[PDB]
Amino acid sequence: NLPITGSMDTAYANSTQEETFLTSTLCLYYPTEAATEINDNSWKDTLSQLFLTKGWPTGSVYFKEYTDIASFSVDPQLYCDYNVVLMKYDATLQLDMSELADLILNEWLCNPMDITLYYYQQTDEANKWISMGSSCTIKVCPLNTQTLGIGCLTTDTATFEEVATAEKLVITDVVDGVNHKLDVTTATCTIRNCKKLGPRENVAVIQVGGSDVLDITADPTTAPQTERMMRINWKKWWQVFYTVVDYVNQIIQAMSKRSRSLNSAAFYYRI
Amino acid sequence: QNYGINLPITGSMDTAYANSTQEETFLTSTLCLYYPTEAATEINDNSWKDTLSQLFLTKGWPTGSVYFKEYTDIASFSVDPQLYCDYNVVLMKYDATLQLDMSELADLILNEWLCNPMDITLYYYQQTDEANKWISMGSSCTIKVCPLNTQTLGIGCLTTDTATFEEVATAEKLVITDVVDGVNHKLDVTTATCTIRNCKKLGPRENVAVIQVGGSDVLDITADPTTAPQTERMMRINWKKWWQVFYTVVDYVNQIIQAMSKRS
Amino acid sequence: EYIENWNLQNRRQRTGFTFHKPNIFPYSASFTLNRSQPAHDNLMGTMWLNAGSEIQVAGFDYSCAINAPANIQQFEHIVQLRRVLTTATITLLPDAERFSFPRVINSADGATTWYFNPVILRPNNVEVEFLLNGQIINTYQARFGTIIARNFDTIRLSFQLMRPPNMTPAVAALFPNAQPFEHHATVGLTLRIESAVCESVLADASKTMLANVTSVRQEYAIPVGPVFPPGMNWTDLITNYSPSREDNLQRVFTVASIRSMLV
Amino acid sequence: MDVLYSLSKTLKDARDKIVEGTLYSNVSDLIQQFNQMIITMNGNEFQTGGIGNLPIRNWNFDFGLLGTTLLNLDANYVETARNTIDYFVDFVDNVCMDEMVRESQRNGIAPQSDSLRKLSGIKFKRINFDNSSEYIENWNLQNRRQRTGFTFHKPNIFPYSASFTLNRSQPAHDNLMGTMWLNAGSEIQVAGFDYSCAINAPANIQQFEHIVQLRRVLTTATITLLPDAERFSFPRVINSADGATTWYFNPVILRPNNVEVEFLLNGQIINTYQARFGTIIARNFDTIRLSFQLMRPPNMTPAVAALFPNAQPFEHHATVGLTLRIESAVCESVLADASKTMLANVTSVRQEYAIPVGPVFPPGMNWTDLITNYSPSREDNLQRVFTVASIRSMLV
Ligand SMILES: *[C@@H]1O[C@H](CO)[C@@H](O)[C@H](O)[C@H]1NC(C)=O
Ligand SMILES: *[C@@H]1O[C@H](CO)[C@@H](O)[C@H](O)[C@H]1NC(C)=O
Ligand SMILES: [Ca+2]
Ligand SMILES: [Ca+2]
Ligand SMILES: [Ca+2]
Ligand SMILES: [Ca+2]
Ligand SMILES: [Ca+2]
Ligand SMILES: [Ca+2]
Ligand SMILES: [Ca+2]
Ligand SMILES: [Ca+2]
Ligand SMILES: [Cl-]
Ligand SMILES: [Zn+2]
Ligand SMILES: [Zn+2]
Ligand SMILES: [Zn+2]
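Residues numbered from 1 in each chain as written, not as in the entry; some residues may be left out. Chains lettered and ligands numbered in written order. Part of a larger assembly, values for the part shown. Heavy atoms only, no water.

In terms of determination method and resolution, the entry is listed under cryo-EM at 2.36 Å.

In the PDB, the structure is listed with the title "Rhesus rotavirus (consensus structure at 2.36 Angstrom resolution)". One UniProt comment on chain B, placed under Subunit (literature references left out), says "Homotrimer; disulfide-linked. 2 Ca(2+) ions bound at each subunit interface in the trimer hold the trimer together. Interacts with the intermediate capsid protein VP6. Interacts with the outer capsid protein VP5*. Interacts with host integrin heterodimer ITGAV/ITGB3." We quote the UniProt Sequence similarities comment for chain B here in full: "Belongs to the rotavirus VP7 family." (UniProt positions renumbered as here; feature names shortened; annotations may be inferred.)

Under the UniProt heading Subunit (literature references left out), the note attached to chain A is "Homotrimer; disulfide-linked. 2 Ca(2+) ions bound at each subunit interface in the trimer hold the trimer together. Interacts with the intermediate capsid protein VP6. Interacts with the outer capsid protein VP5*. Interacts with host integrin heterodimer ITGAV/ITGB3." Comment text from UniProt for chain A, heading Sequence similarities, reads "Belongs to the rotavirus VP7 family."

## Comments concerning the state of the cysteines
Residue and element names in this part refer to chain B. Under the counting rule described, the total for this entry stands at 8 disulfides over all chains. Sulfur-sulfur distance for the disulfide between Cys-32 and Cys-85 comes to 2.0 Å. Torsion about the S-S bond of the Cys-32 and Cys-85 cystine: about 55 degrees, corresponding to right-handed handedness. Here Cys-32, found in strand β2 (residues 31-36), pairs with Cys-85, found in the loop between α4 (74-77) and β4 (87-93); they are 53 residues apart in sequence, far enough to count as distant. Just as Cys-32 is buried, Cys-85 falls in that class too. (Disulfide = S-S within 2.5 Å. Helix = DSSP H or I, 4+ residues; strand = E, 2+ residues; numbered from the N terminus. Buried < 20%, exposed > 50% of the residue type's maximum accessible area, 1.4 Å probe, protein only.)

## A short note on the UniProt feature "binding site: Ca(2+) 1" in chain B
All names here are of chain B. On the UniProt side, "binding site: Ca(2+) 1" is annotated at positions that read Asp-45, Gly-156, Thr-164 and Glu-166 here. Across 122 residues in sequence, these annotated residues place their C-alpha atoms as far as 57.3 Å from one another, rather than forming a single compact spot. With respect to the helices and strands, the residue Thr-164 is situated in the loop between β6 (132-147) and β7 (166-177). The class for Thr-164 is partly exposed, based on a relative accessible area of 26%. Residues in contact with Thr-164, not counting those within four places in the same chain, are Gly-156, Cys-157 and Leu-158. Polar contacts involving the side chain of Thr-164 include one to the main-chain carbonyl oxygen of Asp-161, which spans 2.9 Å. Within the secondary structure, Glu-166 sits in strand β7. (Contact = heavy atoms within 4.5 Å. Polar contact = N/O pair within 3.5 Å; in protein donor to acceptor, adjacent residues only side chain to side chain.)

## Topic: the pairing of strand β8 (residues 236-239) of chain D
Side-chain direction in a regular strand flips from residue to residue, so the side chains alternate between the two faces of the sheet. Residues D:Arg236 and D:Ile238 point to one face of β8(D) and D:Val237 and D:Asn239 to the other, with burial holding for every one of them. Sheet topology note: the strand β8 (residues 118-121) of chain C/β8(D) ladder contains 2 bridges and is parallel. Paired with C:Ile120 across the bridge in β8(D) is D:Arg236. For β8(D) and strand β9 (residues 246-249) of chain D, the ladder comprises 4 bridges, and the chain directions are antiparallel. When the bridges of β9(D) are listed, D:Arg236 appears paired with D:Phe249. Between β8(D) and β9(D), which follow one another and run antiparallel, lie 6 residues, and D:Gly243 among them has a positive phi close to 85 degrees. (Pairing = 2+ DSSP bridges.)

## Describing the UniProt feature "binding site: Ca(2+) 2" in chain B
UniProt's feature table lists "binding site: Ca(2+) 2" at B:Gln127, B:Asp178, B:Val179, B:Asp181 and B:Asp251, given in the numbering used throughout. The annotated residues occupy 125 residues of the chain and do not converge on a single region, their most distant C-alpha atoms lying 45.8 Å apart. Lining the largest cavity, from the set of annotated residues above, are B:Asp178. The residue B:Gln127 is located in the loop between β5 (111-117) and β6 in this model. Judged by its relative accessible area of 0%, B:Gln127 falls in the buried class. Excluding residues that lie within four positions of it along the chain, B:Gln127 makes contacts with A:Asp246, B:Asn132, B:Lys133, B:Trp134, B:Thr177, B:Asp178, B:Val179, B:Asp181 and B:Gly182. A polar side-chain atom of B:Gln127 sits 2.9 Å from the main-chain carbonyl oxygen of B:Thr177. Here B:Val179 is to be found in the loop between β7 and β8 (185-189). Discounting residues that sit within four places of it in the chain, B:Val179 has contacts with A:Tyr242, A:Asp246, B:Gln127, B:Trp134 and B:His185. (1 Å grid on protein atoms, 1.4 Å probe; cavity = no way out; pocket = protein on both sides within 12 Å on 5 of 7 lines; lining within 4 Å.)

## A few points about the sheet that holds strand β11 (residues 229-232) of chain A
Residues and elements named next belong to chain A. In space, the 5 strands of this open sheet follow the order β3-β2-β4-β10-β11, with parallel pairing throughout. Strands at the two margins of the open sheet, each flanked by one partner only, are β3 (61-66) and β11. Here the strands of the sheet are splayed against their neighbours by 20 degrees on average, with no regard to which way each runs. (Axes fitted to C-alpha atoms, helices over the stretch in contact; angles between N-to-C directions.)

## As for the nonpolar core
Considering soluble globular proteins, one finds that nonpolar side chains tend to be buried as a cluster. In this structure, D:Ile18 and D:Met41 are the most contacted members of the largest nonpolar core, which totals 191 residues. At 12 residues, the largest contribution of residues to this core is made by helix α3 (residues 75-100) of chain D. Discounting residues that sit within four places of it in the chain, D:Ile18 has contacts with D:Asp13, D:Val27, D:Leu30, D:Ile31, D:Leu66, D:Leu73, D:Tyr77, D:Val78 and D:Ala81. A:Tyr82, A:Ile252, B:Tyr125 and B:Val175 belong to the second largest nonpolar core, which has 49 residues in total. (Core = buried A, V, L, I, M, F, W, Y, C linked by side-chain atoms within 4.5 Å.)

## Considering the UniProt feature "binding site: Ca(2+) 1" in chain A
Residue and element names in this part refer to chain A. In the UniProt entry, the feature "binding site: Ca(2+) 1" is given for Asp-40, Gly-151, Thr-159 and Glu-161. Within the secondary structure, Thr-159 is located in the loop between β6 (127-142) and β7 (161-172). In this view, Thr-159 contacts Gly-151, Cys-152 and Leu-153; residues no more than four positions away in its chain are not counted. Only 2.7 Å separates the side chain of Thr-159 from the backbone nitrogen of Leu-153, close enough to count as a polar contact. Looking at where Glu-161 falls in the secondary structure, it is placed in strand β7. Looking at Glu-161, the relative accessible area reads 34%, which means it is partly exposed.

## Description of the interface of chain D and chain C
Each side of the interface is counted separately: chain D has 39 residues, and chain C has 37 residues. Summing both partners gives a buried area of about 3200 Å² for chain D against chain C, and 53% of it is carried by carbon and sulfur. Sorting the residues of chain D by area buried against chain C places D:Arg231, D:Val237 and D:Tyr248 first, and these three jointly supply 17% of that buried surface. In this structure, the connection of chain D to chain C is made through 3 salt bridges. Put simply, D:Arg231 and C:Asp95 hold a salt bridge, and the shortest N to O gap is 3.2 Å. Run the count over chain D and chain C and you get 16 residue pairs in polar contact. Listed by contribution, the elements that provide at least two residues to the side of chain D that touches chain C are α1 (2-17), β5 (177-185), β8, β9, α7 (342-352) and α8 (367-372) of chain D. Here the element with the most residues in the side of chain D that touches chain C is α7(D); it accounts for 7 residues. By residue class, the composition of the side of chain D that touches chain C is 15 nonpolar, 15 polar and 9 charged. (Buried area = accessible area lost by both parts, 1.4 Å probe. Salt bridge = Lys/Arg side-chain N within 4 Å of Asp/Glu carboxyl O. Nonpolar A, V, L, I, M, F, W, Y, C, P; charged D, E, K, R; others polar.)

## Focus: the UniProt feature "disulfide bond" in chain A
All names here are of chain A. With sulfur atoms 2.0 Å apart, the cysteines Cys-27 and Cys-80 match their UniProt disulfide annotation in this structure. With a gap of 53 residues between them, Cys-27 in strand β2 (residues 26-31) and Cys-80 in the loop between α4 (69-72) and β4 (82-88) connect regions that are remote in the sequence. Here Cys-80 falls in the buried class, since its relative accessible area comes to 3%. At 2.0 Å between sulfur atoms, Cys-141 and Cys-152 form the disulfide that UniProt records. You can see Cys-141 sitting in strand β6 and its partner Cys-152 sitting in the loop between β6 and β7, a full 11 residues away along the chain.

Take a look at the structure:
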């Protein structure tokens, strides 16, 4: 990182929207019921041709399908330069969808949490415990300097306080500066000590139907709706895809290139 | 003053404020309340329109000007809703299952539209820009579309076979269709029961205020996903009785009118 | 200087008065709306303060020139100086700090108040024209800081709101494709005449002739006469600066300088 | 230059003092000086003009002397004097214009027009008398290699520069730390902005620095320092440094903390003021260093606490501004300022006659370019043309 000095008299460059569309890829994530209702085996081709009418080259818009919010939340691997997740709304899953958004709208620096040998804690408000798997049931036993438990016995898990049950993804936030013994099913879950670095600008979440319920910040005093969190009312999925295609320029203007240099080596759909 | 986009109007930042014009506008303006049949059902009083007119008179309106129009429900009210009052207030009952229909109705009545007739049998139709929409109304509106290419052949559809078309509306009473711009579309609609119009959203409708009774903020009067604006004419209240809803509308009628602009 | 100009004017020779910050513009805080409607929510126009030796103008578009051709909204402002200025040093600054904060402004006829919520953008294609008798004398394109207007009686400021073709998400949010518009794109301009030369007498920031004459007239309760406005108010005087007013005012200014030699 | 100035001063004194009815005792010395000027100039041929659209003009001096026997001046005497005065004023105006439009790189202090070079001859020094104006006095001091001094009300020392430096930036430009400034004329507005309000800063303090280099040394400078920057306190959409994109700025103004202004000369601290606002005196400096701090308020009201969250998004960006206005200063070099007119006169003459761009000054006499690259050669040429412009302003 170096200082950048700019002149406020500098002339605006021409639109780069065409070039970024030509040199980037767009990944769309939708629920399988969308494909069920559309009932057309060539609809990927149709959406690709419509996106070509919108500027994107053929073969740059990738369509990815997930069963539901709960399943998609197990290690979501976002591939393209720009990712748009069409997330169905359910009044019963307000937390989970939020968690999913909280997982994909932010960058996370995660390290393994070997609970069975080590005692863990959360240093600051950015530190969370992100647990993903088939069934994440997490119980917590707060501890203290004398190494005893507060309303929990380290030798008896039945006394561990309950914070997650049968979860595909859950973010656990406990009181900072306190050591907690953890009881989670390592067989059906993996828990990681994570820090949210900041917003993840290459991922937009469009909530299909419903109202504003997403809360991507653990702080109760903030429920910020960034430009990348859209929400559309719906009755047909074809209308949903038509609006995603038509306002694609608007959607991408709300997004920015990831810019984060990762330690990982994952697969990407890139040109 | 009117709508002088054509010609300039110059003003001085020292011009003294006139007095309140609220009384004069109430005296020269007709007020209409659009409420669902359920409201009249829960209000067993038959002379209740008279009482509401009297209460408005206590609030300044002359006793020939406040009007009350009933509609069965949102679906039926969305069929060619005619608003002929200087100030229109639509009390719109909220239902979680009809969110898109609430949004379509509010978009239709909270905005001005320039609509031209459509002939889905005689011509193909495309949408020019983000303002060009298709607005279909009637008893039942089932609309299917086949996007064409530059060669007029269909994309993921066959023009001859309507079954291969893509379905954007079923049995609707009102629907706003927004397709990808610049692409000719062959259309199939139930013209017997569905009139479709090629419409352009000119701008907000300033004399119509929708009070959403109960519920939350679900109205999305913009086809752009990135924007869900809440204009000052889109109000929301929490309710258990319709008499209290009407009393709230009457008592804060000054606040409701100052949130709207008189008919031009 | 004043007696020299008096003698020169008696002989019909070219006079010259050097003014630091001449009070050449009568106070006028006004606005023009080129696009408007009774709700005052999608407004395009200009608002300006001409005061003394300062012009502060600002062109505002509520739609941010979304529908304007080429995404450019052209704003123009004209100030007709009541006397010709020569050898004028003028500061240009891109922004108008006076029209960059939210304000509630009366309607042209005073019936209602409208709302202004500026978000300031760099003025584009800035063009200052200094004209004399309807002919262009000096032209400055995209020039800021000190400029020289050698001889002019009219200032024509043409500027543009150019919608930025690229926007970051925070920026892209503020300017939606359609109404409602909550952040109105404003382009400013500030013009400051620091020093000029005029063949006529004027008030300015460094002298005391006007203040001396006004003080003497107020101290002895001089009734209003048929030449000068009541109280020797400079705005009225310069607004209707007639040759008869110019002669009387030069006389009293010369006498005031002669008095200042001693008092 | 001194001879041209003396001609102009003699002509101005003659205009002001040779008036109807005045005692000859009032003008006797002036009459002697005027007749001496006639004697010196008589029989001398000059040519002005011939550059740009400035017309070639030929000047011939064959004049009679003024009478000396009157007790009081009458109308006849004044008209007789005025004819010669008019011709001489025309000549001096044309010489001044011919000099104002010319420049040289190596020897720009020396006269450039043929007429002024001829007037630099020894025989013309008889015209020379009282050199009392500030510009001619500084010209004579510079010729004698003495310390020079020009007083400027609001010196135009800072070239126009509206720029920003981002010390923390992202492609989405939403967690931005840096500063933006306008230097223009005698004004410097600076504003440091932190989008996170220094929540992650070590001691909740963000340090901002702004160094401005003056192209000439200023002395005896009265400056006003104010703790806010109105220029960077309203929302704006600003281009990016490359111009590719635009970012958003939504200031909320906090008072600057630990304000420290240093006036430096050759990198040495001459004057220093901490937490001092209003009028300060910088006695001798060439650099201004403004250091200020954004201190996160330890205690906040609910509205203030709502403005500044723990993490992103950041919608209200904390800003601390400083304003520095030089009202009066002294410089050893000529500078444009707000009260004088020499620059405007030189530019006006160069424009009215369509003078081609020369090898010294920037096109159009643009002050920003001149002061940005204020080289010694440019300073010499500028002092020459400014002295000539003042001499011209004595008459025209
Ligand atoms: C920018 O757009 C203009 C307008 O057509 C075009 O002439 C120009 O070549 C484009 N590119 C650049 C780099 O200016
Ligand atoms: C406005 O109100 C004032 C204050 O009572 C009253 O005197 C006046 O007549 C009213 N009407 C007008 C036109 O000013
Ligand atoms: Ca969960
Ligand atoms: Ca327990
Ligand atoms: Ca915690
Ligand atoms: Ca929260
Ligand atoms: Ca519908
Ligand atoms: Ca098909
Ligand atoms: Ca469309
Ligand atoms: Ca929308
Ligand atoms: Cl000043
Ligand atoms: Zn108006
Ligand atoms: Zn001053
Ligand atoms: Zn940048």
